[PDB]
Asker: 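This structure is in C-alpha cells; I'll ask about it shortly.
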Amino acid sequence: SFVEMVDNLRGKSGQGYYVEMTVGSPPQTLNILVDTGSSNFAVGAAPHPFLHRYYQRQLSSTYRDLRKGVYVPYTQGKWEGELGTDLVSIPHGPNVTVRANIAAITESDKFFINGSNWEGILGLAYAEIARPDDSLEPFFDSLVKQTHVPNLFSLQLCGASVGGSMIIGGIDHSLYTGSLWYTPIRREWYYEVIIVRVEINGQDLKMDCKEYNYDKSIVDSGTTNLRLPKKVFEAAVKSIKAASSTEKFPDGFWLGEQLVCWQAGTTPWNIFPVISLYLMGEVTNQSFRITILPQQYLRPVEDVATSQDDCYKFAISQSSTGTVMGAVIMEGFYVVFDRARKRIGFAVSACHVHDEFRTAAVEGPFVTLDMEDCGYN
Ligand SMILES: CC(C)c1ccc2c(c1)[C@@H](NC[C@@H](O)[C@@H]1C[C@H](C)CCCCCCCCC(=O)N(C)[C@@H](C)C(=O)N1)CC(C)(C)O2
C-alpha cells in the first residue's frame, strides 16, 4: 500500500517539504514540515501572522496536557511551547493512528515562514536530541512502537512549486533506478554519516578526511543548503569559482545572499562543476559516491523584479557545527532511512535532476583505506 504515499509531500523552494497530518478528536488538519534534522513533533497552537490555522487544544476531546514546557533552538529560528499528547494520523500515509507527544507552539522567532502553507514540524531523528531531554519519545518511535509499521522510511524530495514522497514503513521501487548504496548511521542521534572523500569535477580536494566530518556530518531534510565546515567551504568555493571564472558574480553571491541571473534559458550550467561525496560503505575498505549537479546547489529563486530571467542563489554555505547534507543534496536521490539496520541508502531518484549532458549518480564500489580515521572525535 505504498502507492498511497507517493506524491504526499509539497513545498516551496527554500521552504522545506511538508506532509498532511491530523491532530486531535475530531481530527484537525495541519501541514507539517518533514525534518530529519530534529526530533520534536511540534505544531503552532496560538495565533501568528504567518499561520493560516493552528492546533486548538480546547477542541480535542483526546488532548492531555503534560504540565511541562519545552523550547527548541535550531541552527536558525526557535520556538517554545507546552508539551502534551494527542492522537495523530497521516491521511496519505499508513492507515493508522497513534498517541504521540506534541509541543503546542505558543511563541516563535524566525521559525514560521511568511506564506509557506505549513503550520508545524515533524522531527524524524532520534530521541538523543529531543527537547527537553531524550525521555520525550519522538513521533516515529511512537508510531513503530504502537503499530506494525516497520522501522524505516524513505524520502524522495523533488525539485522543480516542488513535490515529493515520504514512504513510511518501506521502500517504493517505482521511485528510483539502479542500485541502492548504503552507508552506516554512525551514531543514533542525528542521522550521522561519515564522508570519506570529496571530489570536484573529478579532482580530489586532498584534505584530511577528518575535515569533512568536523564535528559531524548529517542527513537533514530541514536544512536547505549543503553546509560545509570552514576549511572545507573555503576549498570548495575556491574550486567552484575557478571552474566558473568565465563569468563574474558578486562576492555577496558566494555568501548566499545575492542572486545571480541570466537570460531565460541561457544559464551556463556547463561552467559549474559537479561535486562527488564519497560515503563509507557496508563492507571493509569499501565506499560509494553520490554526484551533485549544479542544478542542485544553484537554488532557483523567484525573481519578482522581471519574471523574464532565470535567477538562482548559491546553496552551499559555511558552517561551524559540521557538514549538513541538506535538502538540495537529497533532492534527486531516493534516500532510505533504514533505522532497523542503522544505515542510510541512496539511489538515483525517479525525479532525478536533468542536465542534457551530465547526470546525478550513485556509483560503487570504491576502495578506500582507513575510512574509520575520517570520523571526528
Ligand atoms: C535538534 C535541533 C535543536 C538542532 C540543533 C542544531 C542543528 C540541527 C538541529 C540540525 N538540523 C537543523 C534543522 O532541524 C532546522 C529545522 C528548521 C528550523 C525547520 C523550519 C524551516 C524549514 C524550511 C527552511 C529551512 C532553512 C534552513 O536551512 N534552516 C532554518 C536551517 C539553518 C535549520 O536550522 N533547520 C543541523 C545542525 C547543524 C546539526 O544544527
Side-chain angles (χ1 to χ4, degrees), residues 8-94 96-125 129-132 136-143 161-164 166 168 221-224 327:
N8 67 350
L9 299 184
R10 298 167 68 204
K12 300 186 181 173
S13 171
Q15 301 189 11
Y17 296 80
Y18 61 81
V19 64
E20 173 178 295
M21 305 186 78
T22 64
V23 176
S25 303
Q28 286 178 50
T29 305
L30 297 172
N31 283 325
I32 303 302
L33 180 101
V34 175
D35 185 17
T36 68
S38 66
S39 310
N40 279 85
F41 179 46
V43 306
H48 188 282
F50 297 168
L51 292 184
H52 308 148
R53 52 180 175 182
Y54 60 83
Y55 178 32
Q56 287 164 57
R57 286 159 288 174
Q58 53 277 354
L59 301 179
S60 171
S61 69
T62 44
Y63 175 72
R64 297 174 190 167
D65 184 18
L66 282 173
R67 305 178 66 263
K68 197 149 299 181
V70 62
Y71 75 95
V72 172
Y74 301 94
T75 306
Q76 299 174 57
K78 60 186 172 314
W79 55 255
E80 62 182 38
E82 296 283 345
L83 287 174
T85 68
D86 211 337
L87 308 181
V88 184
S89 57
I90 307 179
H92 300 285
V96 303
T97 287
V98 306
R99 178 166 290 282
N101 289 307
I102 305 181
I105 298 179
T106 51
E107 283 176 44
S108 60
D109 180 21
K110 300 188 176 188
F111 180 75
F112 299 117
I113 297 170
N114 186 23
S116 77
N117 212 29
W118 53 260
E119 297 81 41
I121 182 162
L122 175 64
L124 295 163
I129 61 181
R131 297 312 186 91
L136 194 72
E137 175 179 271
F139 176 81
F140 202 79
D141 294 66
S142 302
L143 176 65
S161 181
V162 295
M166 175 171 76
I168 295 111
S221 60
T223 293
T224 303

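Sequential numbering from 1 along the given sequence is applied to the chain's residues. Values reported hereafter were calculated over all heavy atoms of this structure, with side chains retained and with hydrogens, waters and symmetry mates removed.
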Asker: Counting N and O atoms only, with roles assigned by atom type, does the side chain of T36 sit under 3.5 Å from a partner on the main chain of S221, one being a donor and the other an acceptor?
Answerer: yes
Asker: Counting distance only, does the side-chain N/O of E20 pair as donor-acceptor with the main-chain N or O of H92 below 3.5 Å?
Answerer: no
Asker: Testing the 3.5 Å rule here: is there a donor-acceptor pair between the side chains of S89 and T22?
Answerer: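 A pair is found: one side chain offers a donor N or O, the other an acceptor, under 3.5 Å apart.
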Asker: Considering non-hydrogen atoms only, spot the tightest contact between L136 and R131 and give its length.
Answerer: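 Heavy atoms of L136 and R131 come nearest at CD2-O, 3.4 Å.
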Asker: Let me have the donor-acceptor pairs involving side chains of residues 79-87, under 3.5 Å, with sequence neighbours excluded, atom names and distances please.
Answerer:
unit_1: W79; atom_1: NE1; unit_2: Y74; atom_2: OH; d: 3.1
unit_1: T85; atom_1: OG1; unit_2: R99; atom_2: NH1; d: 2.9
unit_1: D86; atom_1: OD1; unit_2: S60; atom_2: OG; d: 3.3
unit_1: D86; atom_1: OD1; unit_2: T62; atom_2: OG1; d: 2.6
unit_1: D86; atom_1: OD2; unit_2: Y55; atom_2: OH; d: 2.5
unit_1: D86; atom_1: OD2; unit_2: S60; atom_2: OG; d: 2.7

Asker: The criterion is side chain to side chain contact (heavy atoms under 4.5 Å, CB included); which residues satisfy it with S39, sequence neighbours excluded?
Answerer: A125, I129, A130, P138
Asker: Of all the heavy-atom pairs spanning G93 and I168, show the shortest one and how long it is.
Answerer: CA-CD1, 4.5 Å
Asker: Only counting residues at least two apart or in another chain, list the ones meeting ring pair (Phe, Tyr, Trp, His ring centres under 6.0 Å) with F50.
Answerer: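 So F50 forms a ring pair (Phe, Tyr, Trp, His ring centres under 6.0 Å) with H48.
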Asker: Any side-chain heavy atom of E119 sitting closer than 4.5 Å to one from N31?
Answerer: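 Yes, close enough: below the 4.5 Å cut-off.
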Asker: Specify the closest pair of heavy atoms between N101 and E137, including all atoms of both residues, with the distance to one decimal.
Answerer: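 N101 and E137 have their closest heavy atoms at ND2-O, 3.2 Å.
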Asker: Do you know the tightest heavy-atom contact between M166 and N8?
Answerer: N-OD1, 2.8 Å
Asker: Tell me, please, which residues at least two apart from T29 pass side-chain hydrogen bond (donor to acceptor under 3.5 Å, both in side chains).
Answerer: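 In terms of side-chain hydrogen bond (donor to acceptor under 3.5 Å, both in side chains), with neighbours along the sequence ignored, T29 is linked to no residue.
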Asker: Quick one: pull up CG in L33 and CD1 in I113 and give me the separation to the nearest 0.5 Å.
Answerer: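 Nearest 0.5 Å value for the CG-CD1 distance: 8.0 Å.
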Asker: Shortest non-hydrogen contact from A327 to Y17?
Answerer: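 Scanning both residues, the minimum pair turns out to be CB-CE1, 4.3 Å.
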Asker: Going by ring pair (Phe, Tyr, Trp, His ring centres under 6.0 Å), name the residues that satisfy it together with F41, two or more places apart in sequence or in a different chain.
Answerer: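 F41: ring pair (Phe, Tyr, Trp, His ring centres under 6.0 Å) contacts with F139.
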Asker: How many angstroms lie between CG in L30 and CG in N117, if you round to the nearest 0.5 Å?
Answerer: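 Going from CG on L30 over to CG on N117, the span is 11.0 Å.
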Asker: With a 3.5 Å cut-off and sequence neighbours excluded, list the donor-acceptor pairs that the side chains of residues 9-16 form with protein atoms.
Answerer:
unit_1: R10; atom_1: NH1; unit_2: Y18; atom_2: OH; d: 3.4
unit_1: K12; atom_1: NZ; unit_2: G115; atom_2: O; d: 2.3
unit_1: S13; atom_1: OG; unit_2: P300; atom_2: O; d: 3.3

Asker: Can you check side-chain contact (heavy atoms from CB on, under 4.5 Å) on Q76 and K110, steps first, answer last?
Answerer: CA-CA 7 Å; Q76 299 174 57; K110 300 188 176 188; over 6 Å; no
Asker: Determine the minimum heavy-atom distance between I32 and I121, stating which atoms define it.
Answerer: CG2-C, 3.5 Å
Asker: Nearest 0.5 Å please: distance from the CG atom of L124 over to the OG atom of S38.
Answerer: 8.0 Å
Asker: How long is the straight-line distance from CD1 of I102 back to OH of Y63, given to the nearest 0.5 Å?
Answerer: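 Answer rounded to 0.5 Å: 9.0 Å.
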